[PDB]
Amino acid sequence: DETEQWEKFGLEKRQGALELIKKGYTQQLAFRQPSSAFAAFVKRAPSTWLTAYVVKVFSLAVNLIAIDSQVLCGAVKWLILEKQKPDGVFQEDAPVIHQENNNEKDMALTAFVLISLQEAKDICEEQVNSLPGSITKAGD
Amino acid sequence: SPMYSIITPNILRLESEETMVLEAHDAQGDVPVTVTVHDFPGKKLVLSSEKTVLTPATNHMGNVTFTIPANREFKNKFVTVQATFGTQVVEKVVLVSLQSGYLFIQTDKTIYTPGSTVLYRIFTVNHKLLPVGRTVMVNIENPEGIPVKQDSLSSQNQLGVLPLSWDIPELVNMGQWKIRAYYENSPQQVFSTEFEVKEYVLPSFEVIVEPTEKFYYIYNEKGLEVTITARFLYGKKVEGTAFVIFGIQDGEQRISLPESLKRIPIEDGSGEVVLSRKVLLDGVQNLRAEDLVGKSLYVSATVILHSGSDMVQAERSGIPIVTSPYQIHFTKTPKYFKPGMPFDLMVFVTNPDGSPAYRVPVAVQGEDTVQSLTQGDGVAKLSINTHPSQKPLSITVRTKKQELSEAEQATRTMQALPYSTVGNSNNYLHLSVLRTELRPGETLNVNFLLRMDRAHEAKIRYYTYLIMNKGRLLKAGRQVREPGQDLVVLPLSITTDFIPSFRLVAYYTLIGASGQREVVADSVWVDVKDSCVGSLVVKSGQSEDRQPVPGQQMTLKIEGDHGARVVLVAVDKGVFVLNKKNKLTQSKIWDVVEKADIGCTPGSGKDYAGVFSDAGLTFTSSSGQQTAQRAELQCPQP
Ligand SMILES: *[C@@H]1O[C@H](CO)[C@@H](O)[C@H](O)[C@H]1NC(C)=O
């Protein structure tokens, strides 16, 4: 889209891609816990890293498909409230999925979650209020 | 003095034809007629204005049809209807509201698996059950309520049928999914159908365990008998051995019975096992038999094939232990009875689990001669003649199944109040109809019966009858009566326009003994068989001389109304049987239509105005006779 190659590649394929994204989104909701958090496996402890990644991917697809705003806003609110320490560090309680004084471990997780939140900055800004404060604390 | 009358439905609908009935009583010559409708608050504008002339040839009977445009000029929206009857004028303010239509969603199966395709159709209809081209939104929701698929369709030029398909991924939320459909214009009305996703399960063969009865009676010496049935997935029966064990269940704790374990041979594919009452009583070491009431039983069966070692298990939990299994109710009885004339009841007997009973005798208490047998739908119809006084009538119905004792039979009591004479004049009208189900093409004889003093009988020369169907006014007319006759029979034809139950309201007017006016009215609710206006039959075109073989060609024949669109789907019949909770049937469609009737009281009211208002009618005359205004869009709860 931002390069505008559809006129020669074929605009007829865009709907197909949209359908693919829709199917992928339909599958991903299988991992959503009732507490608005995404777990690595079905019916298991929710993971902060996976929740942040899912929020980052969802925030990129609202302009394409009809992503539910309730799900994404609930995930962002869960990340900001239940997983963020006052110092500006996002806690992790589920078993780790990626490669993690506890230095160089919380830094990578905080950086990843910050990259995820910067995608949903202007999307859940109305439903979630304290998002800019969390972003500022994490950046500091 | 001439009396001019106006009759119209209680609620008028926009963009739909509405019939207005105009009358002149004791008026000579002919009278011109102009009816107009204005806004209620200020009569600012004319929504419609029609004219007609009432001739003495037709006994001053006229019907003017008008359509209220969807101007939406103003805002419970009311319109005032003013009719000029020559010089005289009669005005009545009637409520107005609009209805959108109905959506019916058809799914081939109710239980799917991850990977299978969901096929569903949306049928668009109006209040008359006719295809209409609108725009409808369809959504699919998971158990959490998150719309996973959204579609915007238009049924225009599609003849009211919308096909849709959804591809279930391999990894989806497991639970009860739903489909929501609603017209774009009126998103306040959403029609929902639900299915299940479940997980892949496939046993070696199917086994069904169920008792003969739907409960257990404590004082039943025969015990509890259970019929175990087994059959393969390809149709042939099973011959083997089944191990069955029963067990009580005190709420959530299963005190399994060890002495009740039995081994039975399954031959021909069906078995049978009986639990003796003595075993059950000794299992709980309780001397009181009544203490087991409310402690449901359960049956566990294990069928083992005779050839190999295939084993499958079946269960049937929740067989209640009850001493008063049947509970009795009234369904469609009127509440006001004309004293001294027969009164028709209707009774509904239900099992402990809420299902309708079958062949349970009912009988009123004290008469003993008004017995009946409960039908397939649980309805038993009785009639009781009423006393000649005006004290309220108390009627009690009891089930008379032989197995139970008198103290354990169901009983329901109802009280009815007399129809209120206008001036204690003891003038009544009575309509007697057959209390069964009719069919289109049959002819119905309605017996108009009249009682009054033998001094003003000659002053009544006619009866006026109106037929209400689907809320609208179906037809009206006259019943000329020769003086001196008490009973007059109206032969009424029944057509496909009467397919849902219609209502008949009749009345006569005369000058009072003192000198005032008098209006006496009665009404009845008549139910006819629910079937489509047309027909649709699917049969085998080829000669019926062979059982169908896999992979071979078969020829089908569909017979239906010319130019219709027919849609087909084939199901396994293993999922059709378990779909008893909700199926797309003509009876269900007509019930859905019947849930939106203007009037709700079955057949009578306290006054003449009550009779006219209950049936969904209004009646205003040049004199001081009129029915109370209705403002609510739904009558009070039953
Ligand atoms: C209305 O009048 C027309 C005149 O043709 C008649 O066909 C129709 O049956 C009448 N309807 C009623 C309700 O009287």
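The rules behind these values
Residues numbered from 1 in each chain as written, not as in the entry; some residues may be left out. Chains lettered and ligands numbered in written order. Part of a larger assembly, values for the part shown. Heavy atoms only, no water. Axes fitted to C-alpha atoms, helices over the stretch in contact; angles between N-to-C directions. Helix = DSSP H or I, 4+ residues; strand = E, 2+ residues; numbered from the N terminus. Parallel < 35°, antiparallel > 145°, perpendicular 65-115°, else oblique. Left-handed = near helix turned anticlockwise from the far one by under 90°. Contact = heavy atoms within 4.5 Å. Nonpolar A, V, L, I, M, F, W, Y, C, P; charged D, E, K, R; others polar. Disulfide = S-S within 2.5 Å. Buried < 20%, exposed > 50% of the residue type's maximum accessible area, 1.4 Å probe, protein only. Pairing = 2+ DSSP bridges. Patch = residues over 30% accessible without salt bridge, like charges linked within 9 Å, V, L, I, M, F, W, Y side chains within 5 Å. Areas by Shrake-Rupley, 256 points an atom, 1.4 Å probe, with all protein chains shown as cover. Salt bridge = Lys/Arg side-chain N within 4 Å of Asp/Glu carboxyl O. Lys, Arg positive; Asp, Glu negative; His and termini not counted. Charge placed at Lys NZ, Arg CZ, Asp CG, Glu CD. Buried area = accessible area lost by both parts, 1.4 Å probe. Near = heavy atom within 4 Å. Polar contact = N/O pair within 3.5 Å; in protein donor to acceptor, adjacent residues only side chain to side chain. Core = buried A, V, L, I, M, F, W, Y, C linked by side-chain atoms within 4.5 Å.

The name given to chain B in the PDB entry is Complement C3, and the organism recorded there is Homo sapiens. Looking at the PDB record, one finds the entry titled "Structure of the Complement classical and lectin pathway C3 convertase in complex with substrate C3".

Chain A is annotated in the PDB entry as Complement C3 of Homo sapiens.

Enquirer: How do you make sense of the packing of helix α3 (residues 48–59) of chain A against helix α5 (residues 106–119) of chain A when you look at a structure like this?
Expert: Residues and elements named next belong to chain A. Running from amino to carboxyl end, α3 crosses α5 at an angle of 25 degrees, the nearest separation of the two axes being 8 Å. By the angle between their axes, α3 is roughly parallel relative to α5. The handedness of the crossing between α3 and α5 is left-handed. For the pair formed by α3 and α5, the contact residues are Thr-48, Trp-49, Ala-52, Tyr-53, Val-55, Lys-56 and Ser-59 on the first element and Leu-109, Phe-112, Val-113, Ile-115, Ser-116 and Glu-119 on the second. Within the contact of α3 with α5, the residues separate by chemical class into eight nonpolar, three polar and two charged.

Enquirer: Sorry, what's going on with the state of the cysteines here?
Expert: Formally, a disulfide is one covalent bond, and it connects the sulfur atom of one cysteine to the sulfur atom of another. Residue and element names in this part refer to chain A. Summed over the entire model, instances satisfying the criterion amount to two disulfides over all chains. A disulfide bridge connects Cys-73 with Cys-124, and the sulfur atoms are separated by 2.0 Å. Disulfide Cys-73 to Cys-124: torsion about the S-S bond roughly -110 degrees, handedness left-handed. In this structure, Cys-73 and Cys-124 share a single accessibility class: buried.

Enquirer: How should I be thinking about the pairing of strand β7 (residues 78–85) of chain B in this particular structure?
Expert: The side chains of a regular strand alternate, residue by residue, between the two faces of the sheet. Residues and elements named next belong to chain B. Of all eight residues that make up β7, seven are buried, and the element is covered over most of its length. With seven bridges connecting them, strand β4 (residues 31–39) and β7 associate as antiparallel partners. Across the sheet, the residue bridging to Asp-39 is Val-79, located in β7. Examined bridge by bridge, β7 and strand β8 (residues 88–96) share eight bridges and lie antiparallel to one another. The partner of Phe-78 across the bridge, within β8, is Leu-95.

Enquirer: I keep staring at a negative patch on the surface and nothing clicks. Help me out?
Expert: A contiguous patch of negative charge on the surface is contributed by B:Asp377, B:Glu437, B:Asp530 and B:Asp591. Secondary-structure assignment places B:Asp591 in helix α3 (residues 586–594).

Enquirer: Looking at this structure, how should I read the interface of chain B and chain A?
Expert: The accessible area lost on association of the parts is a frequent measure of interface size. On the side of chain A, eleven residues touch chain B, which itself brings twelve residues to the contact. The contact between chain B and chain A buries some 950 Å² in all, and 62% of this surface belongs to carbon and sulfur atoms. Contact with chain A buries area across many residues of chain B, yet B:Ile146, B:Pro169 and B:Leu171 alone supply 49% of it, more than any other trio. Where chain B packs against chain A, one counts one salt bridge. Note that A:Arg32 is salt-bridged to B:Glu144, the shortest N-O span being 3.9 Å. With three residues, the single largest contributor to the side of chain B that touches chain A is strand β12 (residues 147–154) of chain B. Looking at the side of chain B that touches chain A residue by residue, the class counts come to seven nonpolar, three polar and two charged.

Enquirer: For this particular structure, what's the right way to read the site of the ligand?
Expert: Residues and elements named next belong to chain B. Taken together, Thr-19, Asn-63, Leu-474, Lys-475 and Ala-476 make up the full set of residues near the ligand. One of the side-chain N or O atoms of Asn-63 is found 2.4 Å from an oxygen atom in the ligand. Compared with its free state, where it exposes 360 Å², the ligand has 41% of that area covered by protein. With three residues, the top contributor of residues to the shell around the ligand is strand β38 (residues 472–476). Residue composition of the shell around the ligand, by class: two nonpolar, two polar and one charged.

Enquirer: Which parts of the structure should I look at to understand the nonpolar core?
Expert: One recurring pattern in soluble globular proteins is that nonpolar side chains are buried together. All names here are of chain B. Formed by 46 residues in total, the largest nonpolar core has its most connected members in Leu-466, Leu-504, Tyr-508 and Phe-612. With seven residues, the top contributor of residues to this core is strand β41 (residues 502–511). Ignoring any residue separated from it by four or fewer positions in sequence, one finds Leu-504 in contact with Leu-431, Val-446, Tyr-465, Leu-466, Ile-467, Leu-492, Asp-522, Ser-523 and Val-524.

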